[PDB]
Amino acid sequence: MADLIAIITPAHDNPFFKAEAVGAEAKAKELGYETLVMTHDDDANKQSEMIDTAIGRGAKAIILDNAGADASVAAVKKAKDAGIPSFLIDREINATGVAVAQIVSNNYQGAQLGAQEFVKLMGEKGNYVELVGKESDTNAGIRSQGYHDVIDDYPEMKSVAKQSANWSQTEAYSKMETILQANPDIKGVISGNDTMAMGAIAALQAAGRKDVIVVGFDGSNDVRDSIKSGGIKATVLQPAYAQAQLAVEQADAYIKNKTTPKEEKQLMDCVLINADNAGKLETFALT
């Protein structure tokens, strides 16, 4: 009897994606839907399998945080041709008019906020390293660009390594160990996301370099807690919970009478998190 909404994200070991799934699930059930929550583990084939499952089960809409900007177009198009609309969150696909919605953070704006804080904490000088996200995710390059466009105004600041750790805490730890051995004179690390920042601060701490300034991106409870404890200095909040709920609200409107948002692509504002507002943050929302 109940209509079904399928929710598909990357693995829940990154709290960002878990929070999206829980937010979407909550809104779906609040509006009378049953839910089917699946993970694709950043694997396009697994994402294909999961969308087939949504189709097979008769989902009325799919909420998707995708497995690659290019690779995901065909999957979303498969669902579409099966008569099932997709409402994308967090990550864009490199196509318009396929998804009904793409509701993402303003990544360039956000990244600039975090870089501005990084520069301030750095006193406009010194050697730093950058950890970059997954090449398949347009968010990785957009954030890097925003960071670069701030930091390139400060000639005394110098990047001594720029490496991908693929949005992975464990990869970030290992990369940081190697980077730190090559570059003992680093003053700071700026990271494209919070799981990489957690890996970095762990590696720094284990090397006895607690003085190094780390700035992340996402606003997770884990990084909040680090900020509160004097670890990481700042992050940038993406409204993950609200974004997932908005996607479901749009899906429900569409299911009900084919209301579509005026603009497919929608941006949500980011907010800088630091010691002054970390205590107002919980599960990707400020109060």
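All residue numbers are counted from 1 along the displayed sequence.
Once the C-alpha B-factors are averaged per stretch, 40-48 and 218-226 rank with 40-48 first. Stretch comparison (165-173 versus 187-195) by mean CA B-factor in the PDB entry places 165-173 on top. Of the candidates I55, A251, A240, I232, the PDB record gives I55 the highest C-alpha temperature factor. Highest C-alpha temperature factor among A111, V119, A75, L131 per the entry: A75. For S86, the recorded CA temperature factor ranks within the middle third of the chain's modelled residues.
Remark: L204 belongs to the highest third of its chain, ranked by C-alpha B-factor as recorded. In the deposited entry, the Cα temperature factor of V100 sits in the middle third of values across the chain's modelled residues. Among the modelled residues of its chain, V22 has a C-alpha B-factor that falls in the middle third, as given in the PDB entry. The deposited CA B-factor of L286 belongs to the highest third of values across its chain.
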